[PDB]
Structures are given as C-alpha cells and as structure tokens.
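Novice: Please see the structure below; I have some questions.
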Amino acid sequence: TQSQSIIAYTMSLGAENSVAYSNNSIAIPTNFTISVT
Amino acid sequence: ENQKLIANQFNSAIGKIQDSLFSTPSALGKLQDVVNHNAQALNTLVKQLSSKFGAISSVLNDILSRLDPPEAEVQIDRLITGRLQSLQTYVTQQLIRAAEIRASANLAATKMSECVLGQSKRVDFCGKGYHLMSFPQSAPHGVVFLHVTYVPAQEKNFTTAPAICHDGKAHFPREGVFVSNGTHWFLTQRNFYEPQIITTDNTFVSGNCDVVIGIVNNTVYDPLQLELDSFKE
Amino acid sequence: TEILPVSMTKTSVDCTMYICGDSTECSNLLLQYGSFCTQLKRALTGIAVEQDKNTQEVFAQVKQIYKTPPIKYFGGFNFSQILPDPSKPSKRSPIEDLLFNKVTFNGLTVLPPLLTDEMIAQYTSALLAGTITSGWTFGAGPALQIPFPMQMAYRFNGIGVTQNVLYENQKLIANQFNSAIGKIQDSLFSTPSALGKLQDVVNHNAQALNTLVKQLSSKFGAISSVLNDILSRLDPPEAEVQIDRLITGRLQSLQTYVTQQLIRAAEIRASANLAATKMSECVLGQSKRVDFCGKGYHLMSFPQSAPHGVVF
Amino acid sequence: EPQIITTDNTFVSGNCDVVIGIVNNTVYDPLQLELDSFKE
C-alpha cells in the first residue's frame, strides 16, 4: 500500500535473535507443542 | 501425566492440516508441476507434427500428391529427420525427468521406512523438530507424510553448573543438567523442566573438587545415609 | 574439511540471437522449426530456478538470524577463524575469505543469483552463532542458550564418552580444537587442489559456454559461417539451403548444450540435497551415521560459505 | 525376560491419580527388606 504500487527492496533474511549466551543461565523449556507438518 | 493435553494438541494439528491443505492451492505444487510437465511434453511432441522443418508442407499426403517421387523422397526425408529429432528430444527429456522422479521416489521410500516404520533421530529428516511418528497418505503420483514432531516451548532461564562439589568430590549428572532457580539447585531433563532433588542415585562421582572449571558447592543428599540416620538413637 | 557444490551459473540463451543474430530471413526460416526455442528457454529457466532453490534449501534453514554475544569466550574454544570478521567490508570469516580468494556472448546471458555472497555469509554466520550458543536446540525449535563446555560435554555423551572426561580435560580439548582450526587454514591455503570440485564446476560451465560460442564459427557443410556473407554472395532461393543447414547445426549445438546443462544440473541438485542433509544432520544436530559428518565420532560441524558451494 | 519390579528398576513421578490405566501392585524395596532382617 505504501495508493498501492509495486515497490522494490533488499530482501530480509529474517529477524535478528541475539541469544543470551553466558557461562551459565541454561534455557530449559517448561511446555511443548505437538506439531504436524 | 499430560496425555489429554498431548492428545488434544495432536487432534488440533490434524484438524489444521485439512485447513492448510484445503485453503492453500500450492500445497500439491510438486505433483501438479510433474503432471503439467508431462502434459506440456506431450503437447509439444504432438504440435511438432505441424512444423515443416524446411519442407514445403507438414502433410505427407500433400507432398506425395503435389510432387513427383524423386523430390518427394527428399521432402519426406526432411520431415522424418525433423520428427525423429523431436522424438529423440522428448525421450531424452523423459529420461531426465524419470531419473529425477526415481531420486524423489527413493527419498520417499527412505523417509517411509525411517519415519513411518520407525523413529528417526536424523534432524529435519522426518519433519521440523524432534520426530515422534509419521503418517503416510496416498496422493496422485505421489505421497504425503504427516510428520508428528516434538517442539519445545515456554523456556525459562536457570543458573547452571557443569558439576557440584559436596565432600571434595565432583558429582556429574547421569541424565540431565544441574539447574538453579536462584537459591536452590535441582536436576532436570534437558528437553523438559522437571526439577528433581540431587541425590547419589542421580549423579556419579569422578575427579576431585579442584579439577572442574565452574564447579559449585551444593549438598548431595544420600538416601542410604539418611535411612541409616533414622534407625539410630 | 568437506566441500560440496551447491549451485551453478544461471545461463539464459536468446535462441534467435544465437542462431541468426540480426538476420530476418534466418528468423523466418527458424520459425518453421516449431517450439524448440521455447523448450530451450523453459529448460534454462527451470535450471536457474532449481539452482536458486538449491541454494535456499542449503543455506536458508534458519528462520532467525542469530548473533554472537559481544564477548567471544566459549570456554577456551577459539572461533575467530570461522566467525565473521567485522574489520573487512565483507562480513566473512578468514577461512571464508581464503575460500573466496582461492576460487577464480552472442545471445548468452549469465543471470546473477538471488542470494548474494553477503547474504550467504550472513546465513552461515547465523548458523554458526546458533550452533555455538544453543547447540542443537535451534534446529528443532526455539534457541535455548547453553554454555559451550556443557554443549561439548553433551556431544561427548552422544558418542559413548562420559562428560567427566571433557570436564577434566577441558583445556586440552580446547587447545586441540584451536590447533586443528589453525591447521585447517594451512591445509586450505597451501593445497590448491582442495577446492577442486567448485573450480571444476566453474570450468565445466565456462568450457560449455566457450564451446557453444565457438560452434558459431563452424560451417556445418555450408560455404560460410557468416549469414551476411552468404546472403550477399548467393540468391535467396539458393542461400535458403545454406541458411537451413546453418540453423540446423546451431540448433543441434544449442540442444546439446541444454542437455549437458540439464545433466550437470541434476548432478548439482543431488550434491545440493546431500549438502542440505549434511547441514541439517551435522550442524543442527549430532549424527550417529558413520563417515557422514567426517571420519571418526562426530561431535559437531561448522559450515563455511564458498563460491557456488559450502564447506563443512 | 521377566524381572521382579523393584525400586532399582522404576522411578517415581506424580501421584496415584494422574495416570490413566494405572494398576495397583507392590513395589519391593531391597533396602527396606534388608533393613527388616537387622531388626528385632
């Protein structure tokens, strides 16, 4: 929409995720999801 | 303990599969492209009969009726060369597509054997996530696999340590990881948070208190020693 | 090190410009040969789309671009040779820079890839960051941060070795890993035949293009290979057969080129499927398959971007 | 290979009312049994 027109752009590879790495602070999941693909 | 929840999640995912297939038209794109490529190959092969290939006409009867046998021979020879080149191109393209389909079918049979007939630990081979099981589905000139995967969710942060030192000895987890909620230390699974009291039955002794880098000081409860302290005046 | 070709050079051929150029009579005669030019164009477009899809399936396996923490301490393991170097303009690692340095027109157009080398290097850096910060969790679901000494301890547990062996010999293991990473650069910088697969692919494509161009100089039984020359020296009725045989020769050359390109594209597609499988099973996890992620008990693998390929 | 169900072969999780289809059966404890021999 930017009235809508064709726009050109540099493609994004994805959102940046800065993993909170440290000498400690393990990340453990408390739940789960049953996914069918 | 969470059987009903997992069953409901599986039922909801199976129900959403039908919606993701009935709504999205590009779900069967591979099979549709195979069918369309075969149809286009056949249509091109049958339309190449209308090409003259430098001859006076594409009809053999017209060439035979209009021209004398001497030059009709070379006209028919040009037509034969053109149609034979068309047939050879069609057969070569069919061989290439058949090799591609053979590779795809070998992959499909491998995935059937390793996901439906068993449980595979190959990452991203039987779906995205920890593969539980797969269900095959018959498709026109193809096959559809319903990969049931285990996806972790709702992760929390816990202070961890490689080992613990209680009586000058380093204790390492047999199965799990040492975690801390801030004040107390527990042992839990790596893929699911289930805090357990660190005991001798959950850990093993190796080395001393000074060899491990990052070791922490925490008590290791011994059930055998605790039971002996109960039967003592 | 393991090197696998992932993509080829996407080539587009203008059949009319190649067979005829600017001659109108040649084009009118080529119109009588059917839809061979359409088939050739469709096959080349399919090959290009297939190369793009192979690159995407090999490198674009993560949904998020994971970043390394500002502190590069991972328990003594030095990843500076594989992590992206922000000093140089291209955000590539020293090993990736060495790999990039080691790898070196009548209607023929070369199409540029969809993903640039910078985007492929960014995908590789995201894979490396996810592997060094979360291990194998980012491949199955959300990225779960884990200390690298503990990650390597769990990977030691996957090969039948207790984690105490690693926790008691952590400095030795780190020194051995650093020495091996250092020797990898020497093995790649000194030996020129290490990257022979990608160079062979590039040379095969270039030689096919050069042969297709040189086929225009052939007469194919005609009196000359120049269309204007035979147009100016012969009458339209008698130059017709010369134009026809030149068109036949050039069309056979184009068909041979397209068939060879299809065969090489099938080979490169198989190689790219193998590369994506090895990525998923060695970088995103620990594989039990013998000799699939290197010689020995596989602990972990690190991808490296290469021109038209990938290095593990 | 039928083995005697003891504490060394099983682990405890949850209570007696969370599992669907759970059966009531004795779980022998070697430590408790050996402590009964050394008792008046």
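Chain labels run A, B, ... following the order of the structure tokens; each chain numbers its residues from 1, and ligands are numbered from 1 in the order shown.
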Extract, using only C-alpha atoms, all DNA, RNA and protein residues at most 12 Å from residue 10 in chain A, discarding same-chain residues fewer than 6 positions from it, and format them as a list in words.
Specialist: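 Neighbouring residues, sequence-local ones excluded: residues 114, 115, 116 and 119 of chain C.
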Novice: Generate a file of the selected residues that holds C-alpha atoms, formatted as a CSV table (one decimal), in the first residue's frame.
Specialist:
```
chain,number,residue,atom,x,y,z
C,114,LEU,CA,19.1,-14.3,-5.9
C,115,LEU,CA,21.1,-14.6,-2.7
C,116,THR,CA,24.3,-12.5,-2.8
C,119,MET,CA,23.6,-12.9,2.3
```
Novice: Please identify every residue of chain C that has at least one atom no more than 9 Å from any atom of chain B, counting only C-alpha atoms, and report them as a count of residues only.
Specialist: 45
Novice: Can you check which residues of chain D have any atom within 9 Å of chain B? Use only C-alpha atoms and format it as a PyMOL selection string.
Specialist: chain D and resi 13-14+18-20+31
Novice: For the contact check between chain A and chain C, emit one row per residue of chain A within 7 Å, containing the shortest atom pair and the distance in Å rounded to one decimal, counting only C-alpha atoms, chain then rising number order, as JSON lines.
Specialist:
```
{"residue": "A:14", "atom": "CA", "partner": "C:64", "partner_atom": "CA", "distance": 5.0}
{"residue": "A:15", "atom": "CA", "partner": "C:64", "partner_atom": "CA", "distance": 5.1}
{"residue": "A:16", "atom": "CA", "partner": "C:65", "partner_atom": "CA", "distance": 4.6}
{"residue": "A:17", "atom": "CA", "partner": "C:66", "partner_atom": "CA", "distance": 4.7}
{"residue": "A:18", "atom": "CA", "partner": "C:67", "partner_atom": "CA", "distance": 4.9}
{"residue": "A:19", "atom": "CA", "partner": "C:145", "partner_atom": "CA", "distance": 6.4}
{"residue": "A:20", "atom": "CA", "partner": "C:145", "partner_atom": "CA", "distance": 6.3}
{"residue": "A:21", "atom": "CA", "partner": "C:145", "partner_atom": "CA", "distance": 5.6}
{"residue": "A:22", "atom": "CA", "partner": "C:147", "partner_atom": "CA", "distance": 6.3}
{"residue": "A:23", "atom": "CA", "partner": "C:147", "partner_atom": "CA", "distance": 5.3}
{"residue": "A:24", "atom": "CA", "partner": "C:147", "partner_atom": "CA", "distance": 6.1}
{"residue": "A:26", "atom": "CA", "partner": "C:146", "partner_atom": "CA", "distance": 5.1}
{"residue": "A:27", "atom": "CA", "partner": "C:144", "partner_atom": "CA", "distance": 4.9}
{"residue": "A:28", "atom": "CA", "partner": "C:144", "partner_atom": "CA", "distance": 6.7}
```
Novice: How would the residues just chosen look if you wrote them out with N, CA, C and O atoms as an mmCIF file, in the first residue's frame?
Specialist:
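Listed below is the output, part02.cif:
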```cif
data_model
loop_
_atom_site.group_PDB
_atom_site.id
_atom_site.type_symbol
_atom_site.label_atom_id
_atom_site.label_comp_id
_atom_site.auth_asym_id
_atom_site.auth_seq_id
_atom_site.Cartn_x
_atom_site.Cartn_y
_atom_site.Cartn_z
ATOM 1 N N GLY A 14 15.704 -12.492 7.794
ATOM 2 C CA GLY A 14 14.976 -12.858 8.991
ATOM 3 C C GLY A 14 15.252 -11.925 10.150
ATOM 4 O O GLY A 14 16.150 -11.080 10.073
ATOM 5 N N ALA A 15 14.486 -12.063 11.229
ATOM 6 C CA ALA A 15 14.686 -11.221 12.398
ATOM 7 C C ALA A 15 15.939 -11.643 13.153
ATOM 8 O O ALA A 15 16.255 -12.832 13.252
ATOM 9 N N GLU A 16 16.657 -10.659 13.687
ATOM 10 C CA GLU A 16 17.868 -10.933 14.446
ATOM 11 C C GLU A 16 17.512 -11.389 15.854
ATOM 12 O O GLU A 16 16.674 -10.776 16.524
ATOM 13 N N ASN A 17 18.148 -12.470 16.301
ATOM 14 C CA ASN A 17 17.904 -13.046 17.621
ATOM 15 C C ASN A 17 19.248 -13.165 18.333
ATOM 16 O O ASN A 17 19.999 -14.117 18.101
ATOM 17 N N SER A 18 19.549 -12.199 19.196
ATOM 18 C CA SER A 18 20.770 -12.232 19.997
ATOM 19 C C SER A 18 20.558 -13.212 21.142
ATOM 20 O O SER A 18 19.876 -12.904 22.122
ATOM 21 N N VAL A 19 21.137 -14.405 21.016
ATOM 22 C CA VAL A 19 20.994 -15.420 22.051
ATOM 23 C C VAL A 19 21.750 -14.980 23.296
ATOM 24 O O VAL A 19 22.921 -14.582 23.224
ATOM 25 N N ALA A 20 21.082 -15.047 24.447
ATOM 26 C CA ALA A 20 21.665 -14.611 25.716
ATOM 27 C C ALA A 20 22.655 -15.666 26.211
ATOM 28 O O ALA A 20 22.412 -16.412 27.162
ATOM 29 N N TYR A 21 23.802 -15.716 25.537
ATOM 30 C CA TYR A 21 24.836 -16.672 25.902
ATOM 31 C C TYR A 21 25.625 -16.177 27.107
ATOM 32 O O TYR A 21 25.864 -14.976 27.266
ATOM 33 N N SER A 22 26.034 -17.116 27.955
ATOM 34 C CA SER A 22 26.831 -16.808 29.134
ATOM 35 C C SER A 22 27.471 -18.098 29.623
ATOM 36 O O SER A 22 27.215 -19.182 29.094
ATOM 37 N N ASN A 23 28.314 -17.967 30.650
ATOM 38 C CA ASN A 23 28.907 -19.141 31.278
ATOM 39 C C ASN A 23 27.888 -19.936 32.082
ATOM 40 O O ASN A 23 28.220 -21.010 32.597
ATOM 41 N N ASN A 24 26.664 -19.433 32.198
ATOM 42 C CA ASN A 24 25.610 -20.075 32.973
ATOM 43 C C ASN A 24 24.278 -19.723 32.313
ATOM 44 O O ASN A 24 24.212 -19.387 31.124
ATOM 45 N N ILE A 26 21.276 -21.643 31.777
ATOM 46 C CA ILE A 26 20.727 -22.594 30.817
ATOM 47 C C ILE A 26 19.260 -22.268 30.552
ATOM 48 O O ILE A 26 18.532 -21.790 31.432
ATOM 49 N N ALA A 27 18.823 -22.512 29.319
ATOM 50 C CA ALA A 27 17.436 -22.321 28.917
ATOM 51 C C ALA A 27 16.784 -23.686 28.748
ATOM 52 O O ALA A 27 17.215 -24.483 27.907
ATOM 53 N N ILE A 28 15.750 -23.951 29.541
ATOM 54 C CA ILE A 28 15.060 -25.237 29.510
ATOM 55 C C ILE A 28 13.569 -24.999 29.303
ATOM 56 O O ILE A 28 12.968 -24.176 30.007
#
```
Novice: State, in Å with one decimal place, the distance from CA of residue 126 in chain B to CA of residue 192 in chain B.
Specialist: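 Computing it gives 21.2 Å between the two atoms.
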Novice: Residues at most 7 Å from residue 200 in chain B, counting only C-alpha atoms, excluding those fewer than 5 positions away in the same chain, as a PyMOL selection string?
Specialist: chain B and resi 220-222
Novice: Output N, CA, C and O atoms for every residue in the selection just made, as a PDB file, in the first residue's frame.
Specialist:
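Saved file out-v6.pdb follows:
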```pdb
ATOM      1  N   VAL B 220      24.758 -32.905  48.390  1.00  0.00           N
ATOM      2  CA  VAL B 220      24.277 -34.081  47.675  1.00  0.00           C
ATOM      3  C   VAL B 220      23.689 -35.024  48.715  1.00  0.00           C
ATOM      4  O   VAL B 220      24.426 -35.607  49.521  1.00  0.00           O
ATOM      5  N   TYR B 221      22.369 -35.175  48.701  1.00  0.00           N
ATOM      6  CA  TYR B 221      21.688 -35.987  49.700  1.00  0.00           C
ATOM      7  C   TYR B 221      21.831 -37.466  49.363  1.00  0.00           C
ATOM      8  O   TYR B 221      21.618 -37.877  48.219  1.00  0.00           O
ATOM      9  N   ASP B 222      22.192 -38.263  50.364  1.00  0.00           N
ATOM     10  CA  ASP B 222      22.349 -39.702  50.190  1.00  0.00           C
ATOM     11  C   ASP B 222      21.177 -40.416  50.847  1.00  0.00           C
ATOM     12  O   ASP B 222      21.040 -40.360  52.079  1.00  0.00           O
TER      13      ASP B 222
END
```
Novice: Tell me, as a PyMOL selection string, which residues lie within 10 Å of residue 184 in chain B, counting only C-alpha atoms; anything in the same chain fewer than 3 positions away does not count.
Specialist: chain B and resi 159+179-181+197+218
Novice: So which one's closest to chain A, B:90, B:186, B:145, B:158? Using only C-alpha atoms, please.
Specialist: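 Once distances to chain A are computed over only C-alpha atoms, the minimum belongs to B:158.
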Novice: So that I can see what lies close to range 107-110 of chain B, please list as a PyMOL selection string the residues with an atom at most 12 Å from it, counting only C-alpha atoms and leaving out residues fewer than 5 positions away in the same chain.
Specialist: (chain B and resi 100-102+115-118+120+125-126+136-137+141-145) or (chain C and resi 270+273-274+277)
Novice: Once DSSP has gone over the backbone, tell me which residues of range 10-159 of chain B are in alpha helix (DSSP H), as JSON, numbers by chain.
Specialist: {"B": [10, 11, 12, 13, 14, 15, 16, 17, 18, 19, 20, 21, 22, 23, 29, 30, 31, 32, 33, 34, 35, 36, 37, 38, 39, 40, 41, 42, 43, 44, 45, 46, 47, 60, 61, 62, 63, 64, 65, 66, 69, 70, 71, 72, 73, 74, 75, 76, 77, 78, 79, 80, 81, 82, 83, 84, 85, 86, 87, 88, 89, 90, 91, 92, 93, 94, 95, 96, 97, 98, 99, 100, 101, 102, 103, 104, 105, 106, 107, 108, 109, 110, 111]}
